[PDB]
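Coordinate inspection notes
Here is what each chain is made of, one letter per residue.
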Amino acid sequence: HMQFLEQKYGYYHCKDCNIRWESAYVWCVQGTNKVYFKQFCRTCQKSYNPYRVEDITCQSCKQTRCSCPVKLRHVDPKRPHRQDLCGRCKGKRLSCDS
Ligand SMILES: [Zn+2]
Ligand SMILES: [Zn+2]
Ligand SMILES: [Zn+2]
C-alpha cells in the first residue's frame, strides 16, 4: 500500500509568473506538513510545493484532524480542482475531486 496521505489546504505562489493559487487537495504525508505531490503553475508548467499548508476545517463536523470520510464536497462547481495541474491525478481518468 502507498502510505496514507492527508488532504490539506495549500497556498501557492509562482514568483516567475507572479501567479498565486490555492488548493483544497494538497496531499501531505499523514500527520505532517510534508507535501507528497506537486502542483503545476498554469502558465510556466513548472512544479511547486505550497509555501503554507493548513488543516482543512471539515464541513461535515467543523473540526480539524477529524475522522469523517469527506471533509469538503467533491464534484464542486464552485471549488474546481485543476486535474491537469495536479501531481496526484493529472495522469489518471478520475480526478482527486471526482
Ligand atoms: Zn509559473
Ligand atoms: Zn469531520
Ligand atoms: Zn488531483
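The numbering scheme counts residues from 1 along every chain following its written sequence, independent of the entry's numbering, with residues that lack coordinates not shown. Labels follow written order: the first chain is A, the first ligand is 1, and so on. Based on all heavy atoms of the structure, the side-chain values leave hydrogens and waters out of the count. Residues with missing side-chain atoms are left out of burial classes, side-chain pairs and their counts.

Deposited coordinates in this entry are attributed by the record to X-ray crystallography, at a stated resolution of 1.63 Å.

Let's shift gears to the coordination of the zinc ion (ligand 2). Here a donor is any nitrogen, oxygen or sulfur atom (N, O, S) within 2.8 Å of the metal, with 3.2 Å used for Na, K and Ca; water is not among the atoms considered, so some sites may look incomplete. Here the zinc ion (ligand 2) is held by the protein donor atoms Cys58 (SG), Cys61 (SG), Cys66 (SG) and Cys68 (SG), which lie 2.3 Å from it. Mapped onto the sequence, the donors of the zinc ion (ligand 2) take the spacing C-x2-C-x4-C-x1-C. A simple rule labels every residue: compare its accessible area, found with a 1.4 Å probe on the protein chains alone, to the largest value its type can have, and call it buried under 20%, exposed over 50%, or partly exposed in between. Note on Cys61: relative accessible area 31%, which makes it partly exposed.

The next point concerns the pattern of salt bridges. The term salt bridge refers to a pairing of a side-chain nitrogen on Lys or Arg with a carboxyl oxygen on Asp or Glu at a separation within 4 Å. Evaluated as defined, the whole model comprises five salt bridges. We note a salt bridge from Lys46 to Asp16, for which the minimum N-O separation is 2.6 Å. One end of the pair, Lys46, is in the loop between β3 (39-40) and β4 (47-48); the other, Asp16, is in the loop between β1 (5-14) and β2 (19-29), and 30 residues separate them in sequence. The salt bridge involving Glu54 is made with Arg52; its shortest N-O contact spans 2.6 Å. Classification of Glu54 by relative accessible area gives partly exposed; the value is 33%. Helix and strand assignments come from DSSP, with helices taken as H or I runs of at least 4 residues and strands as E runs of at least 2, each series counted from the N terminus.

Moving on: unusual backbone geometry. Positive phi, normally seen in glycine, also occurs at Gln45, with a value near 60°. As for its position among the elements, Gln45 is in the loop between β3 and β4. You can call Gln45 partly exposed: its relative accessible area is 44%. In this structure, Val75 takes a positive phi of about 50° despite not being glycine. Considering the arrangement of structural elements, one finds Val75 in the segment after β5 (52-54).

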